[PDB]
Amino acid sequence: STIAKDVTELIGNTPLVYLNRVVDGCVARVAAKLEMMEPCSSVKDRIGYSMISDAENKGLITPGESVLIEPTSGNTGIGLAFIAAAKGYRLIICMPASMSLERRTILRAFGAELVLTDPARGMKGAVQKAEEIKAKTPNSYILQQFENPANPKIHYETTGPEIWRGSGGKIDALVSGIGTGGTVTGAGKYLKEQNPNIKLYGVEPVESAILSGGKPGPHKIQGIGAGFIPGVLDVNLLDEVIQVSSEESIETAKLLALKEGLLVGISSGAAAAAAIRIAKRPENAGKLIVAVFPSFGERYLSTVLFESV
């Protein structure tokens, strides 16, 4: 019997797939790591598990005693919420008001408590509110996705090894959109240990290219372009940073659905656009480029449709 104990044993071991119809002019092969296949449809299922699991293993939290807290407007909240549901933790998510009603409904479905903050104060306002709730709540614990070593650690332990095994050791390049930088840092570190010649390409928005020496700015690429260097990002592991526009990311996501039957988030569009550009460079002829596709595209299409209506 191979019946999973619970939903925590369903995380990771996601497939690689070749891109076939969006790669005209490419001299390298491009494969996508499909984090859309995670139980709650994003890469954040991995760090929702690892950050809660690590705290438990260190005796820092207890189910039905500890209150988990995270300031997050994105998939980290959903990854934490389904694990908190399964393991029986109270979870408080802090985010600015007027953020996707769709994401809020999913958090509430898993029984997460929502604390909405002043939109004018943005993410900083949500971080401050999370710290204030922690201060006044005994046995409370903030996961701290941008600083928590369990974030890159799970990518070193699972994501990287899966890409190495799945590619038969043939991966030459990893292309990864940087949010926390946990994926590129953890998976990248593992891959460079297997083959030190592997090149790691960070992807950031043109509109917030802080790793390239640009100013922090607003952009439509959900999940990447945090506008600062996260504690968990090892910039020294990066071999190049590719800038992709929100427009190019949206167009590439549209072509992935139309031509590959892959419905992916805008950040997957960004990673694909960067990987296709790298695969067109003649010095990469015959190589295998692996792009991380962080999320399924239904969440975005739902979010856009609500934001429009």
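So that there is no doubt, residue numbering starts at 1 and follows the sequence shown.
- Two stretches are in play, 44-52 and 240-248, and the higher mean C-alpha B-factor belongs to 240-248.
- Remark: stretch with higher mean C-alpha B factor among 228-236 and 180-188 is 228-236.
- By the numbers in the PDB entry, the CA B factor is greatest at 122 among 202, 122, 77, 152.
- Ranked by Cα temperature factor within the chain, residue 297 sits in the middle third according to the deposited record.
- Per-chain ranking of the deposited C-alpha B factor places residue 63 in the highest third.
- Annotation for residue 162: CA B-factor lies in the lowest third of the chain's modelled residues.
- In the deposited entry, the Cα temperature factor of residue 15 sits in the bottom third of values across the chain's modelled residues.
- Sorting the modelled residues of the chain by their CA temperature factor places residue 135 in the highest third.
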